[PDB]
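Each chain, letter by letter, is given below.
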Amino acid sequence: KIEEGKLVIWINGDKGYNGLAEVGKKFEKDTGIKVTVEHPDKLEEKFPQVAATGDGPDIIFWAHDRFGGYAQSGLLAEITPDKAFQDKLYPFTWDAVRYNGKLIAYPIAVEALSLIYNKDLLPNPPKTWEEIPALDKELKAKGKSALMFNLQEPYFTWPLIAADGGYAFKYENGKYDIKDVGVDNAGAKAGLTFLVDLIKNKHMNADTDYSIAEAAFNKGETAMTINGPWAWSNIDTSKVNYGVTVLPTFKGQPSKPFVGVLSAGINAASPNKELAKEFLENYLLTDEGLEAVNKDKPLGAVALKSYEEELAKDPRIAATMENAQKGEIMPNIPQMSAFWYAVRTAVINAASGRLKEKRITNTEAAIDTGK
Ligand SMILES: OC[C@H]1O[C@H](O[C@H]2[C@H](O)[C@@H](O)[C@@H](O)O[C@@H]2CO)[C@H](O)[C@@H](O)[C@@H]1O
C-alpha cells in the first residue's frame, strides 16, 4: 500500500538524494505535504517487483532504458504535461521517455560516462586504451595504478565493448531488430579481449566494484577512473586535482558510452499522481530545484533549457556531451533488460576467466607490411 497524502520517491544511491530531499522539504513548506526520499539497493529490480502489486514509491527515478519494460508491465501512469511545460524541456529528452507514442516519464538530465583523471599523477591523459598497460607499468613503480573502474556493472565496460562494433540491437529506419544483438560480434569480442588482457596482466582486478574504484581514485591511489557526472561531488570533497575528458580510443575508434536520460516515472498505483505532477513540474524541474539536486551530486546536462544553458560552460559537462555524442542513446524497449543480462554475464565471465568466455587470441594471420 502507497499512502495517500504524502509522496515517496526512489532514486539511486549514487545520485543527489539529499538534494532531492531539500526540494521535498520546500514542497512540504509550501503545501503541507511530506516528501520521503529513499535510495534502496538494486532499485531497478526492486521497483518492478513491488510496483507490480501496487506497492513501492509514488515516483521512481532511473535512466530511461528501463521504462519501456515498466510500461509494458502496467507500472507507470501516463504523464500529461501541457504544451507550455513541454516547451521548457529539450525535445531530445522528451523523446527519450516516449514509449509507443506516449510520454511515460519526466526527463530530468542527460548522463554519459567520461574519463576522469588525476592531474597531479597524470598531466596529460592517454588518448588510447592501448597505451594504458605501459602507463600502468610506469605508475606501479611509484606505488600507484593507471586505471580503476567498476567491473561489476556492464554499463562501465560498454564504451570499450561498443568501440570496435559492439551494439545492443540492430537499428535501421527507426526500427529495432530484437533478434540481432551485437554483444558477441568481432567488434564486441575485441573489446572484451582487451578487457581480459588488462586483467590477466594485473592492470585491473576482476573484483573491482563501484566503491573500490571510487575510493582508489579519491584517495589518489589510481590515476584514472571512468564514471558519470554524479561522481564529481565526492571527488570535489577529496580535493584531488582532477579533469573530466573524452574516453580513450580503441583500435582508432571512439569509445561509445551509452547515453542515459535520468527520468522520473509516476507509479500507476499511486493515489498521489497530482501531487507527483505538481512536485515534478513546479518544484524539481525548475532552476532552483535542479540546482539543489545538482549541488548534491551533478546531474550532467539537464533537460530544463534555462538551467542547462546556465551550466553549459562547465567543461566537465562539455566533456560529458562530447562523450555522449560519440556514443548512442539507450533504447527503452522492454528487451533492454535482456540485453543487459547478456552483457553483464559476458563481462563477468570474461573477467573471471570462466570457460564460456575463454578464448585463445593472436591466432589471426594478418597482412602487415606498414606503417
Ligand atoms: O550502474 C549504475 C549506473 O549505470 C546505469 O546504467 C545501467 C542501466 O541504466 C540499467 O538499466 C542497468 O541494467 O544497466 C546499466 C548498469 O549495468 C544508469 O544509467 C546510471 O545512471 C547508473 O548510475
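A chain's residues are numbered here from 1, following its sequence as written, a convention that may not match the entry; residues for which no coordinates exist are omitted. Excluded from the side-chain calculations are hydrogens and water; all other atoms, namely the structure's heavy atoms, are used.

**Some words on the side chain of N332**
(1) Moving on: Where helices and strands are cited, they refer to DSSP runs of H or I of at least four residues and of E of at least two residues respectively, numbered from the N terminus. Summarising the element assignment, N332 is placed in the loop between β15 (328-329) and α15 (336-351).
(2) Moving on: A 1.4 Å probe rolled over the protein chains alone gives each residue an accessible area, and that area as a share of the maximum for its type sets the label: buried under 20%, exposed over 50%, partly exposed in between. By relative accessible area, which is 11% here, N332 ends up buried.
(3) Moving on: From its side chain, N332 meets the backbone oxygen of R98 in a polar contact 3.0 Å long. Whenever a nitrogen or oxygen atom comes within 3.5 Å of another N or O atom, the pair is scored as a polar contact, on the condition that within protein one atom can donate a hydrogen and the other can accept it, and that pairs from neighbouring residues in sequence are kept only if both atoms are in side chains.

**Details of the site of the ligand**
(1) Moving on: Near the ligand there are 14 residues, and of these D14, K15, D65, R66 and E111 occur at the shortest range.
(2) Moving on: Contact distances for the ligand include 2.6 Å between an oxygen atom and a side-chain N or O atom of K15.
(3) Moving on: Taking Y155, its main chain carries an N or O atom lying 3.1 Å from an oxygen atom of the ligand.
(4) Moving on: For the area figures, the Shrake-Rupley method with a 1.4 Å probe applies, and any residue is considered shielded solely by the protein chains shown. Surface burial for the ligand is 95%, taken as the share of its 480 Å² of free accessible area covered by protein chains. Here, proximity means that at least one heavy atom of the residue falls within 4 Å of the molecule or strand.

**Here we look at the pairing of strand β7 (residues 114-118)**
(1) Moving on: The buried count for β7 comes to five of five residues, which makes it a mostly enclosed element.
(2) Moving on: Residue alternation in β7 divides its side chains into two sets, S114, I116 and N118 and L115 and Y117, and both sets are buried.
(3) Moving on: As paired strands, β7 and strand β12 (residues 242-245) are joined by four bridges and run antiparallel to one another. Within β12, the position partnered with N118 by the bridge is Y242. Two strands are said to pair when DSSP picks up at least two bridges between them.

**A word on the sheet that holds strand β11 (residues 222-227)**
(1) Moving on: The mixed open sheet is built from four strands, whose spatial order is β8-β11-β7-β12. Lying at the two open borders of the sheet, with one neighbouring strand each, are β8 (145-147) and β12. Strand-to-strand twist across the sheet, computed as the mean angle between neighbouring axes with direction ignored, equals 20°.
(2) Moving on: Bridge analysis of β8 against β11 gives two bridges, and the strand direction is parallel. Bridged to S145 within β11 is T222.
(3) Moving on: Note on contacts: a residue pair qualifies if any of its non-hydrogen atoms lie within 4.5 Å across the two residues. Interaxial angle, 0 to 180 degrees, is taken between N-to-C directions of lines fitted to C-alpha atoms, where a helix line uses only the stretch in contact. Sheet strands in contact with helix α9 (residues 210-218) are β7, β11 and β12, and its direction is about 135° off that of β11.

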